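Residue numbers (the authors' numbering), protein chains in the order written: chain H, 13 to 291; chain G, 13 to 291; chain D, 13 to 291; chain C, 13 to 291.
Note that beta-carbon positions come from the ideal geometry of N, C-alpha and C, so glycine has one too.
Please read the structure below before turning to the comments.
4 protein chains.
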Amino acid sequence: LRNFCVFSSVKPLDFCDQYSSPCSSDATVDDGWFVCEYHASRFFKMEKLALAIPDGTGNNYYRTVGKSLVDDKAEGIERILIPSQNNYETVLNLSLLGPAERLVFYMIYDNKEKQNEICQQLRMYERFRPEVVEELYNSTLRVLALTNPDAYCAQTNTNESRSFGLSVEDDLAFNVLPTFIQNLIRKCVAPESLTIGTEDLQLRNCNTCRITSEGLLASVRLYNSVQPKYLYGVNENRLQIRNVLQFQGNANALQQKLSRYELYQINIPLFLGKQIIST
Amino acid sequence: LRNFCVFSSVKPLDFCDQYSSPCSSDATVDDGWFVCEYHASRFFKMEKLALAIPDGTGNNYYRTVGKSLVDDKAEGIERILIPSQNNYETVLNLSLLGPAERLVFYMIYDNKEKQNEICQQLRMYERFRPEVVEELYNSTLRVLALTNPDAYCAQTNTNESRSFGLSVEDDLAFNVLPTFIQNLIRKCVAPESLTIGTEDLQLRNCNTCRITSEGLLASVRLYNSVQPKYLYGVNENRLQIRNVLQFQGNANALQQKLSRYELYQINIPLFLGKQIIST
Amino acid sequence: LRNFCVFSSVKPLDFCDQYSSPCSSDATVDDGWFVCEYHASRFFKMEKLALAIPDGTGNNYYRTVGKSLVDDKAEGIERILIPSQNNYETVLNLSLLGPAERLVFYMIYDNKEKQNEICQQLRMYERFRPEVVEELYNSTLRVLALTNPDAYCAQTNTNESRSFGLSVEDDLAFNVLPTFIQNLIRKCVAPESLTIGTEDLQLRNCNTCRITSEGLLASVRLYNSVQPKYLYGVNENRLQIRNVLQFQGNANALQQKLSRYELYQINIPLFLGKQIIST
Amino acid sequence: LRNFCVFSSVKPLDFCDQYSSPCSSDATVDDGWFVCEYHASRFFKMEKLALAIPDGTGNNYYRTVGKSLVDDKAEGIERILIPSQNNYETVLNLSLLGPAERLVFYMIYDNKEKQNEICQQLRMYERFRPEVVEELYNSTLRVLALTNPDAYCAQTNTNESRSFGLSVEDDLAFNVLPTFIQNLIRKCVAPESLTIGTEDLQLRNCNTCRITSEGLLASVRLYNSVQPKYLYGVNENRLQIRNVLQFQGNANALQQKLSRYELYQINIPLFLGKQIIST
Numbered sequence: 013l014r015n016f017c018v019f020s021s022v023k024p025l026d027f028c029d030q031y032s033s034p035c036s037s038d039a040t041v042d043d044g045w046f047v048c049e050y051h052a053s054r055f056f057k058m059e060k061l062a063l064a065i066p067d068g069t070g071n072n073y074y075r076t077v078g079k080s081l082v083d084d085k086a087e088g089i090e091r092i093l094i095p096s097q098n099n100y101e102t103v104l105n106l107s108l109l110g111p112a113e114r115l116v117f118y119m120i121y122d123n124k125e126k127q128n129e130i131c132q133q134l135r136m137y138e139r140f141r142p143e144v145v146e147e148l149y150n151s152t153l154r155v156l157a158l159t160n161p162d163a164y165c166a167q168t169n170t171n172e173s174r175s176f177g178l179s180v181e182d183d184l185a186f187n188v189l190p191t192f193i194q195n196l197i198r199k200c201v202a203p204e205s206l207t208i209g210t211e212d213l214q215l216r217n218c219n220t221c222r223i224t225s226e227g228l229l230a231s232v233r234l235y236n237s238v239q240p241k242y243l244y245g246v247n248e249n250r251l252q253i254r255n256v257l258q259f260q261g262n263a264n265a266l267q268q269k270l271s272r273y274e275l276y277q278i279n280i281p282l283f284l285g286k287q288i289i290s291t
Numbered sequence: 013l014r015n016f017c018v019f020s021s022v023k024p025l026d027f028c029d030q031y032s033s034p035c036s037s038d039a040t041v042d043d044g045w046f047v048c049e050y051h052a053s054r055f056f057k058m059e060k061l062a063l064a065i066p067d068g069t070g071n072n073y074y075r076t077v078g079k080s081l082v083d084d085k086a087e088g089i090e091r092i093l094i095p096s097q098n099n100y101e102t103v104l105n106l107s108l109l110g111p112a113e114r115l116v117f118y119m120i121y122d123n124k125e126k127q128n129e130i131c132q133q134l135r136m137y138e139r140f141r142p143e144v145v146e147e148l149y150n151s152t153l154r155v156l157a158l159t160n161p162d163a164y165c166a167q168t169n170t171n172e173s174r175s176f177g178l179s180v181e182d183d184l185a186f187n188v189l190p191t192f193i194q195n196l197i198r199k200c201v202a203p204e205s206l207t208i209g210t211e212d213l214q215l216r217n218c219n220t221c222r223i224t225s226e227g228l229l230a231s232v233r234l235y236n237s238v239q240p241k242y243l244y245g246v247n248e249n250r251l252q253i254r255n256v257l258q259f260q261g262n263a264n265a266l267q268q269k270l271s272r273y274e275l276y277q278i279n280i281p282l283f284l285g286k287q288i289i290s291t
Numbered sequence: 013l014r015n016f017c018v019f020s021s022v023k024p025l026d027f028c029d030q031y032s033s034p035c036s037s038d039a040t041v042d043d044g045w046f047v048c049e050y051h052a053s054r055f056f057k058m059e060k061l062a063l064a065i066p067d068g069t070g071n072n073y074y075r076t077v078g079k080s081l082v083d084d085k086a087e088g089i090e091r092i093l094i095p096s097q098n099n100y101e102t103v104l105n106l107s108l109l110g111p112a113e114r115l116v117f118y119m120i121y122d123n124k125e126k127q128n129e130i131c132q133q134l135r136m137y138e139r140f141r142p143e144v145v146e147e148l149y150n151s152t153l154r155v156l157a158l159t160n161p162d163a164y165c166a167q168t169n170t171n172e173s174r175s176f177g178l179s180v181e182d183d184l185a186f187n188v189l190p191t192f193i194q195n196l197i198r199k200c201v202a203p204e205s206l207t208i209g210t211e212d213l214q215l216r217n218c219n220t221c222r223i224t225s226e227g228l229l230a231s232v233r234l235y236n237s238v239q240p241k242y243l244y245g246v247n248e249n250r251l252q253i254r255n256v257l258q259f260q261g262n263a264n265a266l267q268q269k270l271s272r273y274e275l276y277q278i279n280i281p282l283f284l285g286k287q288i289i290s291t
Numbered sequence: 013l014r015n016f017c018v019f020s021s022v023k024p025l026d027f028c029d030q031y032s033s034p035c036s037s038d039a040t041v042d043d044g045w046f047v048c049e050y051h052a053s054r055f056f057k058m059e060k061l062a063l064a065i066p067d068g069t070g071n072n073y074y075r076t077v078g079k080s081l082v083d084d085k086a087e088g089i090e091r092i093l094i095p096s097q098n099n100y101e102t103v104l105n106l107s108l109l110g111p112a113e114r115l116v117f118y119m120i121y122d123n124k125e126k127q128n129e130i131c132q133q134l135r136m137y138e139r140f141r142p143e144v145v146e147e148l149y150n151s152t153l154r155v156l157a158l159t160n161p162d163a164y165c166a167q168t169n170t171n172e173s174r175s176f177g178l179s180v181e182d183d184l185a186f187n188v189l190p191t192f193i194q195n196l197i198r199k200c201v202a203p204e205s206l207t208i209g210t211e212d213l214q215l216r217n218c219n220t221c222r223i224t225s226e227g228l229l230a231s232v233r234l235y236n237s238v239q240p241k242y243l244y245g246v247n248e249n250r251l252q253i254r255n256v257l258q259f260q261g262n263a264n265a266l267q268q269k270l271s272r273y274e275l276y277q278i279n280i281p282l283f284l285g286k287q288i289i290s291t
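Written as structure tokens, this is what we have:
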């Protein structure tokens with residue numbers, strides 16, 4: 013597939029796709045997220061990070077992890093990274109989104125009546141472009157089937173096991189998430205303790221997120237101040253005012269002489285659960 | 013001072029200083045550690061990292077933090093990053109160290125009889141080089157006085173406050189550490205929650221070390237696999253065998269295509285305590 | 013026979029046989045193992061060694077012996093060199109092996125229903141290649157008959173006698189092994205004391221293996237570190253991580269000057285039982 | 013030292029040294045035996061072997077081990093590899109040995125009256141060659157002092173520990189051996205289980221020799237049939253008849269086709285005791 017992004021087929025009527033930041037080449041490769049960096053940052057409010065695991069030789073067991081983009085000052089529906097069926101309409105703000113985005117999200121969450129009424133309202137557009145709708149639906153449905161744990165092929169790797177907490181509520185809630193949402197969640201949060209073969213590698217002793225009935229949240233108020241490089245960039249006649257935290261400083265307080273050491277950026281990777289890798 | 017390193021004046025009889033890796037230019041600047049990167053890695057088994065704190069504009073409140081060099085597989089006197097007066101002789105292995113190093117460490121820990129007998133055994137060398145000893149002692153003593161919280165000048169900044177735990181034993185033990193050891197410890201571990209002005213920035217919700225009666229330890233078995241670039245490098249006729257962990261892989265398992273994302277190295281910065289910064 | 017290896021007829025549908033390391037010319041000659049070096053190393057985890065017995069003149073009574081390939085660190089189903097009917101499916105990991113290998117192993121262990129269902133599932137392939145199956149079965153069955161102690165010819169040499177311990181359980185368990193397995197076991201382990209003619213030659217006073225109800229095992233934790241030169245070599249997207257033991261050293265510790273003496277490699281030949289050779 | 017062999021200074025009156033096989037270059041290097049291969053084979057009836065310990069990378073922790081030269085058919089004073097003070101005169105057959113050899117052996121075993129009477133009988137030779145005796149005595153005495161655990165320098169490595177059995181009698185007897193004999197014994201027998209660092213490598217589970225009150229013996233009747241390549245080679249008008257074991261064979265029994273596999277010679281390395289290597 014040249015485009016593994018689910019939101020790759022998101023087009024207006026006369027489509028020079030919105031893409032203020034063009035979709036990254038990550039959609040071309042099969043890393044398993046099935047979403048490009050731009051769509052991940054815009055919708056799920058997370059970026060992609062290459063988790064490197066050294067072993068003392070030079071080669072690193074590379075992995076994909078989610079990088080939080082929400083700030084510690086946030087509260088409410090803004091702190092949720094990935095919503096569940098309960099309130100995803102309000103979280104993703106599907107009311108004013110483009111009809112292709114609405115369709116894609118609704119049939120990812122699989123609520124029949126919503127895409128039914130989308131088709132009813134899209135019938136008027138259908139007389140101009142009667143071919144894009146079917147191919148868009150086919151591509152998105154086949155992507156969902158590929159990421160679906162149960163299908164015809166149903167490619168299953170029981171050797172990898174993911175635990176999202178020692179409590180019953182956490183995994184019982186995680187069970188009812190959509191198949192694509194489950195696949196994205198399992199492969200965006202790094203394990204707390206990667207159990208590989210007959211040993212355990214303690215990647216992190218603290219969780220940077222939480223899985224609950226409404227989905228994946230940045231529950232901990234870890235301080236984050238990274239700016240998204242693939243911002244929406246649309247002309248904002250609708251103003252969103254925010255409480256920015258800024259400090260002053262001189263050349264002495266801004267210690268440039270400390271810059272020679274390799275930098276340890278304050279990023280917020282998603283760490284939760286245990287990864288059981290037999291053998 | 014051209015050389016803030018305490019172990020800067022560590023010379024043999026005919027001195028082309030050991031320094032398999034030459035002392036970094038960090039000793040030239042006053043970052044407060046008063047130890048160069050080579051001596052920090054060799055003795056305290058830690059490196060130096062530039063903790064950058066973004067605020068949403070581009071300037072970063074730079075800070076110095078300690079980077080752990082011990083492995084998760086370690087146990088015993090090897091897991092302690094900085095020893096106290098109780099067992100520093102065994103931790104630093106002062107038995108076979110060079111006499112300058114022995115002197116420096118002993119008068120840092122301030123045990124009179126040890127440097128007294130060092131002087132008695134150094135009397136034989138004194139007839140050849142009767143001038144290096146006094147200047148070495150003067151320089152090291154003035155460095156200790158500069159890092160001493162109480163002195164003539166006694167430059168004190170009460171506005172910064174450091175907490176090393178909510179328990180009585182932790183700070184009561186931290187109180188009895190040597191003055192230079194206390195200064196190094198306070199400025200090598202990053203705060204758990206940097207309380208600055210009227211706000212708090214949650215740098216990390218989990219501690220990566222511990223302060224106890226014997227000193228600063230890497231109590232948590234966080235997985236570390238970084239190699240020191242300033243290793244001792246001395247011809248080792250005395251063999252130290254270690255249990256190395258290695259995994260195999262092909263080009264597919266070594267996902268080079270994941271390398272385009274900016275890397276998130278598995279490092280182990282020292283995070284503990286709360287930094288109270290009024291105003 | 014140009015090919016005495018039992019696994020010589022192991023072919024896929026379009027066969028350029030897997031053989032990352034091609035089968036050695038040992039299958040061409042009749043040494044009695046009836047398995048090539050590659051198949052012995054891959055399945056039974058042992059290599060072949062030429063046991064030479066000097067007598068003070070120059071000619072050596074050559075013999076074939078098994079060389080252990082398992083490490084002292086191993087435990088479990090990995091330490092067994094040759095399995096019995098009890099758990100050979102798990103030992104050889106027949107679940108994912110090629111259908112020819114599954115058939116060969118199952119009819120060596122003679123469990124009717126397994127090769128019956130192999131034939132049922134192979135019926136679909138049968139319509140493309142209806143001639144290879146019968147000749148493969150005939151060749152493997154005639155090899156088993158040749159190695160079978162009881163047959164039409166039933167070539168028996170009662171003069172050679174093999175003892176696998178002084179205990180009742182050891183030989184009573186060895187009795188119920190398959191005929192080919194018994195032939196391989198009798199001619200892979202060197203005798204503890206070769207009783208030849210009217211004298212006894214003490215080859216070794218210690219056993220390097222054990223014969224039990226589950227088969228031939230490397231019970232003793234003898235240190236082995238030889239690498240197989242006929243490794244499987246298949247692209248491993250399924251990762252097997254292992255605990256490697258490595259030591260460092262300089263030119264002095266790696267004493268090259270000791271290399272002029274003829275080397276005594278730390279190998280682990282299979283030594284067990286007594287060989288009674290009348291006359 | 014160009015010559016570490018103790019018997020390097022063994023010269024007749026008109027010396028073109030006996031040395032039917034010239035002394036090997038092993039005396040030039042410091043492997044610690046302080047005896048050349050020829051003298052080790054002639055007197056102690058053992059050869060030198062390079063014990064190689066693989067670790068899975070390619071470098072081998074080389075070591076020196078003793079290779080037995082006695083046959084399984086032997087009995088009596090012939091089976092002892094190294095004698096003690098009790099019966100070394102009969103074991104080494106010092107009655108007819110050259111006076112230099114007698115002197116060297118006697119002052120290695122440190123029995124004053126014997127070398128005293130050697131000097132008394134050598135007084136007649138002294139008038140012709142009054143300079144070789146003093147330098148020979150000085151060289152041999154300094155070699156003994158160098159191999160002496162207690163001396164002025166007394167170079168001691170307490171980190172290496174050697175155990176020669178779990179019984180009190182074995183090590184209590186080994187204690188009273190001469191210093192050079194103790195040094196040779198400790199560095200000719202390979203450990204049963206090399207305890208290195210925090211792990212143990214089981215080199216061999218069976219002992220190939222024994223340490224008793226009379227010294228180091230080949231107690232086990234392990235079958236040995238290697239011929240010494242540095243034999244005495246002196247014209248033997250005094251005939252030693254021995255019971256040789258020989259077998260016949262044709263081209264079929266002498267299986268040349270088995271020679272392609274790398275040979276596993278039936279040698280008898282000296283294995284006994286445990287080597288405790290801290291770190």
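Can a CB atom of chain G be found closer than 8 Å to the CB of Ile193 (chain H)? To locate residue 193 (chain H), count along the first sequence from 1; it is residue 181. It does not: the Cβ of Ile193 (chain H) has no partner Cβ on chain G nearer than 8 Å.
Grouping DSSP H, G and I as helix and E and B as strand, with all else coil, what is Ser271 (chain H)? Locating residue 271 (chain H) in the first sequence gives position 259, counting from the first residue. DSSP, read as helix, strand or coil, puts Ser271 (chain H) in helix.
Determine contact between the segment 172-187 of chain G and the segment 221-231 of chain G, defined as no fewer than three beta-carbon pairs at a distance below 8 Å. Flag = yes, the segment 172-187 of chain G and the segment 221-231 of chain G touch.
For the alpha helix (DSSP H) containing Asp212 (chain G), name the first residue and the last one. Here residue 212 (chain G) corresponds to residue number 200 of the second sequence, with the count starting at 1. Unbroken run through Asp212 (chain G) is the beta strand (DSSP E), 211-213; no alpha helix (DSSP H).
Mind the definition here: the segment 229-239 of chain G touches the segment 56-63 of chain H only if three or more C-beta pairs lie below 8 Å; say whether that holds. Contact annotation: the segment 229-239 of chain G does not touch the segment 56-63 of chain H, with fewer than three C-beta pairs closer than 8 Å.
Mind pulling the chain D residues with CB within less than 9 Å of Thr291 (chain H)? Here residue 291 (chain H) is taken as the residue at index 279 of the first sequence, counted from 1. Residues of chain D with a Cβ closer than 9 Å to the Cβ of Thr291 (chain H) are, in chain order, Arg250, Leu251, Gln252, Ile253.
How close, in whole Å, do the beta carbons of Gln258 (chain D) and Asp67 (chain C) come, if the pair is a contact with beta carbons under 8 Å? As a first step, residue 258 (chain D) must be located in the third sequence, where it is residue number 246. As a first step, residue 67 (chain C) must be located in the fourth sequence, where it is residue number 55. Rounded, the Cβ-Cβ distance is 6 Å, consistent with contact.
Test item: CB-CB of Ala202 (chain D) and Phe283 (chain D) under 8 Å: Residue numbering aside, residue 202 (chain D) sits at position 190 when the third sequence is read from its first letter. Residue numbering aside, residue 283 (chain D) sits at position 271 when the third sequence is read from its first letter. With a cutoff of 8 Å on beta-carbon distance, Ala202 (chain D) and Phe283 (chain D) are scored as near each other.
Suppose you measure from the CA of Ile289 (chain D) to the CA of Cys218 (chain C); what does that come to, to the nearest Å? In the third sequence, residue 289 (chain D) corresponds to position 277, counting from 1. In the fourth sequence, residue 218 (chain C) corresponds to position 206, counting from 1. Their Cα atoms are separated by approximately 25 Å.
So what does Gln167 (chain G) bridge to, in DSSP terms? The residue labelled residue 167 (chain G) in the question sits at position 155 within the second sequence. None, per the DSSP bridge assignment.
Run the CB neighbour count on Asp38 (chain C), radius 10 Å, all protein chains shown included, and call it buried at 16 or more, exposed below. Residue numbering aside, residue 38 (chain C) sits at position 26 when the fourth sequence is read from its first letter. Its Cβ being crowded by 16 or more others within 10 Å, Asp38 (chain C) is buried.
Whose C-beta lies closer than 8 Å to the C-beta of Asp42 (chain H) among residues of the same chain, with five residues either side of it excluded? The residue you call residue 42 (chain H) lines up with position 30 of the first sequence. Non-local C-beta neighbours of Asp42 (chain H) in its own chain, meaning closer than 8 Å and more than five positions away in sequence, comprise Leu13, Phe16, ordered along the chain.
Residue(s) in a DSSP beta bridge with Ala62 (chain H): For the purposes of this step, residue 62 (chain H) is identified with residue 50 of the first sequence, where counting begins at 1. Under DSSP, the beta-bridge partners assigned to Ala62 (chain H) are H:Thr76, G:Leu275.
Distance, Cα to Cα, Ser36 (chain H) vs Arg154 (chain H)? To locate residue 36 (chain H), count along the first sequence from 1; it is residue 24. To locate residue 154 (chain H), count along the first sequence from 1; it is residue 142. Cα-Cα distance, rounded: 21 Å.
Below-8 Å beta-carbon distance, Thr207 (chain C) vs any chain D residue: Locating residue 207 (chain C) in the fourth sequence gives position 195, where the first residue counts as 1. Judged by the 8 Å Cβ criterion, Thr207 (chain C) is not in contact with chain D.
Does the beta carbon of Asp182 (chain D) sit closer than 8 Å to a beta carbon anywhere in chain C? Position 170 of the third sequence, counted from the start, is the residue given in the question as residue 182 (chain D). No, no contact with chain C.
Taking the beta strand (DSSP E) that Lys286 (chain D) falls in, what are its first and last residues? Residue mapping note: residue 286 (chain D) aligns to position 274 of the third sequence, counting from 1. Its beta strand (DSSP E) spans residues 286-289.
First and last residue of the alpha helix (DSSP H) that includes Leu196 (chain G)? By one-based count along the second sequence, residue 196 (chain G) stands at place 184. Taken as a continuous stretch (DSSP letters only), the alpha helix (DSSP H) holding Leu196 (chain G) covers 191-198.
Evaluate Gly245 (chain C) with the Cβ neighbour count: other Cβ atoms within 10 Å of its Cβ, from every protein chain shown; 16 or more gives buried, anything less gives exposed. The residue given as residue 245 (chain C) occupies position 233 in the fourth sequence. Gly245 (chain C) comes out exposed.
Proximal residues to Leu81 (chain H) (C-beta, below 8 Å), its chain only, five neighbours per side dropped: One-based indexing of the first sequence puts residue 81 (chain H) at position 69. Excluding residues within five positions, the ones whose Cβ falls inside 8 Å are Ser53, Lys57, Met58, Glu59, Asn236, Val238, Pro240.
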